[PDB]
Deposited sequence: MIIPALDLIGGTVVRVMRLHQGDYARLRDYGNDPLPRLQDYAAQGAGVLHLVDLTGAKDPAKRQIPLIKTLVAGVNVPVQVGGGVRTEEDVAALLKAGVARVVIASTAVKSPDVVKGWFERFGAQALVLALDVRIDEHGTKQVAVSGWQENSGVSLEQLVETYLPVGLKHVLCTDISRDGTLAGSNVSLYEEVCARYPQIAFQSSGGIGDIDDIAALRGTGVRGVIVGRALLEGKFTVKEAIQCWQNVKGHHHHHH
């Protein structure tokens, strides 16, 4: 599937920052109207301070579409996960905490279930060709490979992993082919590198299950409908 995405700061839709207006709901509704089966939101306000989590907006956005939304941004505690789910979020995207405190996050799998959680990992390919996990693009590697981290969570039934290569795709997509083949029981999502429609074509056949598309839609390079048509053929 194609997974259209928006980044939100204080109610404003932004491109990672250019202001694309304060109308996230009509945008999301039109993504869904074109056939999207899943949507993705990053709460940048919440990421900078969980106390300011945009729960009221998220409630409104989720209520206003007919498809599941996965939401990330400053998900640090069990209470954060629960609050998002209570607001009507289908899946909570766990990023830095999944690298930082695996034993704690494994407990979240046991409480909420693997269908409710997406693990989002930034990956750098290093000098040796190892897939190094990092918690952000501006921090050093954390000393764990993507494979090692995935295998940490397999025993609690990990099902959804979102991988961003921080080291466009129309490149060598071996990263995705490799990991998808190694863990066929996990549905991998790809993020980044989508600059035009050919980039979506490049991921077909890699085994990647979901393709997150954000800025290319905002920039009017192609539509959700065209993306889905490409992805499905």
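Coordinate coverage of the deposited sequence breaks at 17-26, 178-180, 184, 248-256, these segments carrying no C-alpha atoms.
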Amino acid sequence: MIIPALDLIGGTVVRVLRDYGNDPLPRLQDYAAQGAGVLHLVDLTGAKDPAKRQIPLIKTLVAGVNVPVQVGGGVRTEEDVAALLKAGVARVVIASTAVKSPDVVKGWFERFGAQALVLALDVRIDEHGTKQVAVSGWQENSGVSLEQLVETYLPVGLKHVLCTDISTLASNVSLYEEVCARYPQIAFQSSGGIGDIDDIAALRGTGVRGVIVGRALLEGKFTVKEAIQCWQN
From here on, numbers count along this sequence of modelled residues.
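Higher mean CA temperature factor, per the PDB entry, when comparing 178-186 with 53-61: 53-61. Here the stretch with the larger average CA B-factor, out of 127-135 and 157-165, is 127-135.
Which of 25, 224, 216, 17 has the largest Cα B-factor in the deposited entry comes down to 17. The residue among 70, 171, 191, 34 whose C-alpha carries the highest B-factor in the deposited model is 171. Residue 200 sits in the highest third of its chain by CA B factor, as recorded in the PDB entry. When the CA B factors of the chain's modelled residues are split into thirds, the value for residue 102 lands in the middle one. In the PDB entry, a CA B factor belonging to the middle third of its chain's modelled residues is recorded for residue 113. In this PDB entry, residue 47 carries a Cα temperature factor that places it within the highest third of its chain's modelled residues. Annotation for residue 88: CA B-factor lies in the lowest third of the chain's modelled residues.
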